There are 4 protein chains.
Amino acid sequence: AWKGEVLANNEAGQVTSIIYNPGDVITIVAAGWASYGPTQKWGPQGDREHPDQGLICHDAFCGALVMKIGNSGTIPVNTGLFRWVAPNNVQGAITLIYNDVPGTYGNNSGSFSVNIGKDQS
Amino acid sequence: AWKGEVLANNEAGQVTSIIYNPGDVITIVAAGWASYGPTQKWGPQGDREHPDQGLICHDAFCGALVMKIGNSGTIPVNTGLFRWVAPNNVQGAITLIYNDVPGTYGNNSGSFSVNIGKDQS
Amino acid sequence: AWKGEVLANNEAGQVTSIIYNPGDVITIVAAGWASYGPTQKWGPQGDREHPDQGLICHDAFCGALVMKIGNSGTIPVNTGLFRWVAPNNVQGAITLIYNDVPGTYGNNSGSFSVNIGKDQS
Amino acid sequence: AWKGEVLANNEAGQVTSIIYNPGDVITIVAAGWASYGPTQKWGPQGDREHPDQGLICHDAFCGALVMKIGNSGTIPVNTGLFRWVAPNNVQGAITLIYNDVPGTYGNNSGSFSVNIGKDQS
Ligand SMILES: OC[C@H]1O[C@@H](O)[C@H](O)[C@@H](O)[C@H]1O
Ligand SMILES: OC[C@H]1O[C@H](O)[C@H](O)[C@@H](O)[C@H]1O
Ligand SMILES: OC[C@H]1O[C@H](O)[C@H](O)[C@@H](O)[C@H]1O
Ligand SMILES: OC[C@H]1O[C@H](O)[C@H](O)[C@@H](O)[C@H]1O
Ligand SMILES: [Ca+2]
Ligand SMILES: [Ca+2]
Ligand SMILES: [Ca+2]
Ligand SMILES: [Ca+2]
């Protein structure tokens, strides 16, 4: 299991120690407050009022938490995933990423605290 | 495990099938958009800008998800809890509740989708 | 979780810190070598060749590991239990006992090492 | 989880469905009665009084339950493993095997019943 923080200004993403293997069941819980630029902050579901201006994940709001598994496409995480299984061909290290437009992470602030574990089978 | 939806207008909150006993380790993941009155909506951490005007839980923002376990006081859930152990002597059925001021739930809207499971211990 | 030793000459049994609650799923693994009297020793399944001369558990061999949950009757453990659930109305502290005839524990020797955990639900 | 029986007379051993990946935590519980030749039978810890005359696993008794994980050497299982983690660089499918001297399985009898599960990690 992994516990850390995903900084909103970290464009490359936070690599975790979790390697998602075929058949794994995982749970993720995310919490905290961050911004993609404004004074206002949002939690891991991001800002439902802000338009998509070229986000790394089009299936979540700006300011949301998303992930890749290996070099997969971005997968929405938001507040977390409960006993979740990836698509069959998806595997590799889990990288956690704040959802913003490429090149615009430098003005971000805050972070999410994220915990990941593998469930029993 | 238990999966269900907690309505923001339900002042009594929603009882779940989960009985918490001493020693138990639990994980909760909560998702969704709800409001305590305004046309805006907030996730399970609620509205960090809004003052406490007599909330059922003073340790969480207005519009946050909270819970009671048996005869306990309110405990913040927010986005969830990862492999969490309850305070000393806490025991009984988990009830989930939207954090608002008593008597003011009538103008609330939306819901949270919540999963609760017991972990290994 | 709990780990410890169960002495073959302990007629009262070894109380554990595990309280079995309704709906709990438990796993037990036991190891070691013990005797009810003879110079030979046996594992946690006991001695399949020896007759029952008034054992505390008639559903296990002499020299087997058994348990009580609360003030239940004796339940065979043997080498252990995998993701096991108790019958209705069985609850309380787990006590681990060597299966021998009452009043005859004085000539017993050896012990079993036992691990107990609660599983995910 | 996987469940099955490991025949004492099966020199190839029993290939399970469990794939051990780095970081995985496993639990095994084994039960039953088997022999390496004599008319008497022993549990999964084997015969503590028999010498090692060239066993496939020199770290367990003759008649004990052992395993290999992918390409690895033999590892003792005995009555089971509780929340066990393998070394660095040990991975793959788990094969269960009765511990006897190669070429001498033909006179063996009985079997062990084995449950294997992956724990939370
Ligand atoms: O059947 C149980 C009895 O077995 C005898 O062999 C032993 O010496 C007694 O102490 C008692 O344990
Ligand atoms: O739409 C995303 C965009 O939003 C605002 O304009 C921010 O100031 C930028 O940094 C970028 O995050
Ligand atoms: O502070 C809580 C309070 O917030 C606003 O006033 C809402 O309109 C009320 O219904 C109540 O929820
Ligand atoms: O030591 C192992 C050896 O034990 C006895 O000799 C059995 O008869 C053999 O088949 C072999 O299993
Ligand atoms: Ca930005
Ligand atoms: Ca309200
Ligand atoms: Ca005795
Ligand atoms: Ca043999």
Side-chain angles (χ1 to χ4, degrees), chain C residues 1-6 8 16 18 25-36 38-50 59-67 75-85 94 96 99 109-121, chain D residues 1-6 8 16 18 24-35 38-50 59-67 75-85 94 96 99 109-121:
Chain C
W2 180 87
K3 180 196 194 168
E5 281 311 288
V6 179
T16 72
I18 304 301
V25 180
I26 68 177
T27 285
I28 301 179
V29 178
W33 299 107
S35 179
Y36 62 90
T39 48
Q40 197 181 339
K41 292 191 167 60
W42 293 268
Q45 309 177 122
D47 181 3
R48 71 200 313 244
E49 311 291 336
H50 193 73
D59 304 304
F61 295 125
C62 188
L65 185 62
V66 306
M67 73 181 166
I75 301 159
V77 177
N78 299 125
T79 58
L81 296 172
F82 187 81
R83 297 182 185 177
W84 184 88
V85 182
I94 302 191
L96 293 169
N99 196 19
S109 59
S111 63
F112 298 135
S113 57
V114 185
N115 273 280
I116 308 184
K118 296 191 185 186
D119 299 305
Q120 191 158 228
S121 64
Chain D
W2 183 89
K3 179 179 200 204
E5 289 76 56
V6 174
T16 71
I18 306 294
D24 282 352
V25 179
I26 61 160
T27 284
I28 303 172
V29 180
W33 297 104
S35 171
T39 65
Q40 188 192 329
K41 293 186 170 40
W42 292 268
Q45 299 177 137
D47 184 0
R48 65 203 294 259
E49 295 157 63
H50 195 74
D59 294 319
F61 294 128
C62 190
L65 176 68
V66 305
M67 71 180 172
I75 297 158
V77 174
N78 301 126
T79 59
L81 299 172
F82 185 84
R83 300 186 185 172
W84 180 95
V85 173
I94 297 182
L96 294 166
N99 200 18
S109 58
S111 68
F112 300 133
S113 290
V114 183
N115 286 276
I116 309 174
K118 289 199 183 186
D119 300 297
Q120 286 194 305
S121 67

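Letters go in sequence order (proteins before strands), and every chain restarts at 1.
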Under the side chain to side chain donor-acceptor pair (under 3.5 Å) criterion, do D:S111 and D:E5 qualify, and how do the steps go?
CA-CA 6 Å; D:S111 68; D:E5 289 76 56; over 6 Å; no
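For a residue to count as touching a neighbouring chain, one of its non-hydrogen atoms must lie under 4.5 Å from one of that chain's; by this rule C:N115 touches chain D with backbone and side chain alike. Heavy atoms closer than 4.5 Å to chain D are found nowhere in C:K3, neither backbone nor side chain. For C:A30, the part lying under 4.5 angstrom from a heavy atom of chain D is the backbone only. For a residue to count as touching a neighbouring chain, one of its non-hydrogen atoms must lie under 4.5 Å from one of that chain's; by this rule C:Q120 touches chain D with the side chain only.
Using cut-offs of 30° and 60° for the angle between ring planes, the D:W33 and C:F61 rings count as perpendicular.
Panel note: side chain D:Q45, backbone D:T79; no donor-acceptor pair is recorded below 3.5 Å. Side-chain N or O atoms of C:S113 include one that pairs as donor or acceptor with a backbone N or O of C:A31 at under 3.5 Å.
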